[PDB]
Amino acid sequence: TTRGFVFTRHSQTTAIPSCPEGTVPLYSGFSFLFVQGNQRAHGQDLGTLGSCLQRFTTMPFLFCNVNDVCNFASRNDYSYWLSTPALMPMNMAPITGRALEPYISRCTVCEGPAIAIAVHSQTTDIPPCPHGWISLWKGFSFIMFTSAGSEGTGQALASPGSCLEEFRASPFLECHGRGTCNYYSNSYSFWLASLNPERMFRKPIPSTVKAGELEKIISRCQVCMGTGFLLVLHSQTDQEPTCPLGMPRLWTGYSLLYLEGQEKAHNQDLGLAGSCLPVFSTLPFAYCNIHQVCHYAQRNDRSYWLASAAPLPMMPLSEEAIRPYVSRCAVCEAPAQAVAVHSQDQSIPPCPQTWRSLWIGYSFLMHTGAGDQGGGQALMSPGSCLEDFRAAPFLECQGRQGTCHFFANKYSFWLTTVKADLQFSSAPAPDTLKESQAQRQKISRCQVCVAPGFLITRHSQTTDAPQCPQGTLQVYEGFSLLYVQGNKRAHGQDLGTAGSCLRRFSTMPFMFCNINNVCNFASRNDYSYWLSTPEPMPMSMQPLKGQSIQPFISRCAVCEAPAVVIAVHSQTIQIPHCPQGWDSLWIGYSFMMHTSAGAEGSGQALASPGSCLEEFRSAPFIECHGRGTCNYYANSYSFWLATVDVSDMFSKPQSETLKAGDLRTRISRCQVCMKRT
């Protein structure tokens, strides 16, 4: 019955969890939440296999530099794991060694015949599964978390990872490269709140709860399995959108862009059903601390939503005045996966023949709100294809104040057109565009299409386009885009997805727009980052410009596969076996995250082929700028999953500095696998 749809279940105890009825176990492990390296957090969604590591260690990664030197457990980095209810020592000492085992949650990776999703009631009642869908488990609506330095990450709200079966004010441990784990007083968990749906557009009522009553303010959820895929539509108006003909509507709601707790953004991809919340609030979440206290509407947190085209307000909108400004959404049951295609051109890109066209739009890439926070869309996701271009596509809600507003620091970023024959030859030509039609003519266009198969991306890490893996068919060739950085905020593209493969290269493939309806292209200090090749730097070590950039940029192919493709990781020097019933596509090294300018960066999902780079490189990417230059920089860092022998589990990490020939002895291996059908 199984067809390659893989999810994780977490016990939150020392017990290894059983797979739900109708699904089969692939392997079990320890519940891995996120890493924090060079002050940057990078997580693995709890519903995906990347959150289940077979080998526990307080330091599951290492980092490498442009001098071809790697450092393991030798600086001041962190890892975080879901915990059990085991009580900590009374003297508040940390735990080390094998004594850690009773404290770490266990997990099991399961394969099912169809996708598993989470649905949330946003009340204290358990929501029903969508009609026809089968219940896998019930739980509590878990969103995000922060710990050291207020760094953290979150769950996609339609992922099973957003539905924890046991409520915990303190669901996770902070661990150090030093070998210790503990709970700390700034370790915070964030949950969807139980809301009054009649008060959507009214000021939140503050509440503080203590042990014995914490669950009275927490939303409930179910994880459900049903055939088909989820298609998400955002109207960008105050009217609910209608589903494509033949696709049943599962629910409607309000277009959630991101939530911000303790000044840390947690975004929902607009193409995923977690971006469609049935119950709006200026503050749809609460947070809890390790002292078994939860606070709702007691500090300074906020929310961000896609906006309608109602006229810009001159001052914050209060309570009921908010309603006409929030975009609506629908979640529809589709027979296959929808993807966005982008042209980097004024012309609308056609859907491949036999692929059903759903809508056409403009290429929406990323956004920044208050502070240095923001987020962005996956270019392979329909959430990157908005039917209506808007310089100001989103609003901010001031949480407790019960208002929303468009403040002047809001930026939207859009993929731009690129002249096909001028690639490399010239620097981006800066421009400032003040009229909406002028702007629309410089923005990349897109079309959302239903694909009969699955798309994966492969990167050659050379100047030659790679071949697709056995049994797949090349769709197009391109250039390996790793991430972009706009207004200092980094936003990545999953290297296993088509957004990491742009058909046209530019050092500045996007522009930004403000609430004054003025857009600026290549006119500030922004970046693009690309996987790179073995090409050595010039002896002068000056940045490359123009045609001299070409030999440095990795190429890629997007490949059409007949079945689902995943990556698995051994955490050893051995190649991990593909799960039974899956066939090998390629092998590689476990690539997890990266940072460069301002220590901003992004990372890979371990479940994705993008986490399995076929050639290890201490310096796998090059940094480009809107002014038309590219170079390597001394603070460009790569992060890799580490090997963990049985003797490395639980014990103090053996800190080490490794030079060139001895690097890959500590790098985990991986295999990219495709379900056999």
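Residue numbers here begin at 1 and follow the sequence given.
(request) Identify the stretch, either 563-571 or 596-604, whose C-alpha atoms have the larger mean B-factor according to the entry. (result) The entry gives the higher C-alpha B-factor average to 563-571.
(message) Per the record, averaged over C-alpha atoms, which has the higher B-factor: 288-296 or 462-470?
(response) In the deposited entry, the stretch with the higher C-alpha B-factor mean is 462-470.
(request) Among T403, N182, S207, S162, single out the one with the highest C-alpha B factor in the record, please. (result) By C-alpha B-factor in the record, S207 ranks first.
(request) Select one of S170, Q550, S381, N514: the residue whose C-alpha shows the highest B-factor in the crystal structure entry. (result) Answer, based on the entry's C-alpha B-factors: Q550.
(request) Give the position of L26 by CA B-factor within its chain, expressed as the lowest, middle or highest third. (result) It belongs to the highest third of the chain when residues are ordered by C-alpha B-factor.
(request) Taking the chain's C-alpha temperature factors as the reference, tell me which third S480 falls into: lowest, middle or highest. (result) Within its chain, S480 is a lowest-third residue by C-alpha B-factor, going by the deposited values.
(request) Using the B-factor values recorded in the entry, state whether the Cα atom of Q337 falls in the lowest, middle or highest third among the modelled residues of its chain. (result) It falls in the top third of the chain.
(request) Name the third of the chain's ranked CA B-factors that contains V35, choosing lowest, middle or highest. (result) Lowest third - that is where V35 ends up once the chain's C-alpha B-factors are sorted.
(request) Tell me, lowest, middle or highest third: where does the Cα B factor of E319 rank within its chain? (result) Its C-alpha B-factor, which the entry lists for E319, ranks in the middle third among residues of this chain.
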